[PDB]
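Only one chain is shown below, in structure tokens, and it's the form deposited in one PDB entry.
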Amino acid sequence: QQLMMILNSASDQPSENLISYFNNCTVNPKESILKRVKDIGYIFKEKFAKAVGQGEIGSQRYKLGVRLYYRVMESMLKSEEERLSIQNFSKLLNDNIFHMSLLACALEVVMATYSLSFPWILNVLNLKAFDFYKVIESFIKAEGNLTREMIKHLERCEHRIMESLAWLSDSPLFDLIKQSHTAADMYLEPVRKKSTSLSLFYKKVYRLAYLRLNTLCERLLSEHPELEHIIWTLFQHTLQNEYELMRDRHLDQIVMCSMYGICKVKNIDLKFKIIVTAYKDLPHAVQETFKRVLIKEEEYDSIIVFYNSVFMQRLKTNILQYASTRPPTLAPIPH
């Protein structure tokens, strides 16, 4: 609301102080940035009508999105001016996935405001969930006027990428796993060392998955406060070394298996029944997560079918280590 009148009263072309940044650049990005709005102007409007019948509206959504895009870019560039060398500043300003991700974020804000949302806009712009993820926090941090409900919504996009969308096949997340700080830092990362993107994503995933584990242990496993850290160590040893199981799957399916699992090898016998019912009570939870779980070659079954097939089949060598004389040393709980 307070933001939405900034946009309509403002103009659809870059500010005059934003354009300075374009011209302090060693390669002026402007015509490329500007061809970029126009080329996406076609594609967006096209796919817009392809889902909403017909009315003209597509263009107004976009032309607001664009004003937000420039307002946030201008605000983002002000901070990165001090952080980046002139070389990085100019590479940023010509990086396609950067600018695409920033605009995809602007557009999601307006579309959601006037509510076919997330991850709709990623399919429209042929933008990998994991690339787009990198712009979300510095975007929230770069628009003061985002409303609670809007901030809360971008955060839920972030949590859906961390929980599933970044774990689908052809997602660059797996390319980065095999090999082994702001949005610019992550877009400037070369595809060719450290990888700040993968690091921040994993640190964030762990805090997410761990808060979801922690509530679920306070309902069903309050009896043994000690079972939590064990279940967490299992999940964390799973995400780090058997990460291939999250492909085309959902973070919460691994949280659930790590819980029945540790109650299985300690003879606690609080079975999948209570787990799924209590999980329904997690915010935004969907029943499909446990009723519909992949095994292999597109064949889906229930969560108990997954536990006894791929999860147990991959982890028996490790899980029994927990109830033995020498159980593995504990993982740290995320800060």
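Numbers follow the displayed sequence, beginning with 1.
The form deposited with a partner chain bound exists for this protein as well; it is not shown, and the discussion that follows is about that form.
This chain appears without its partner; in the deposited bound form, the one residue of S164, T113, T233, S197 with a heavy atom within 4.5 Å of the partner chain is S197. Checking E242, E228, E137, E143 against the partner chain in the deposited bound form, a heavy atom within 4.5 Å turns up for just one residue: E137. The closest heavy atom approach of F98 to the partner chain in the deposited bound form falls within 4.5 Å. Mapping the unseen interface onto this chain, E80 counts among the residues with a heavy atom inside 4.5 Å of the partner chain in the deposited bound form.
At the 4.5 Å threshold, heavy atoms of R160 stay clear of the partner chain in the deposited bound form, well away from it. Put simply, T147 is far from the partner chain in the deposited bound form: not one heavy atom of it is within 4.5 Å. Taken together, the three residues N8, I151 and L154 all stay farther than 4.5 Å from the partner chain in the deposited bound form, as judged by their closest heavy atom.
Only one segment in the set 234-242, 220-228, 105-113, 80-88 has any non-hydrogen atom within 4.5 angstroms of the partner chain in the deposited bound form, and it is 80-88.
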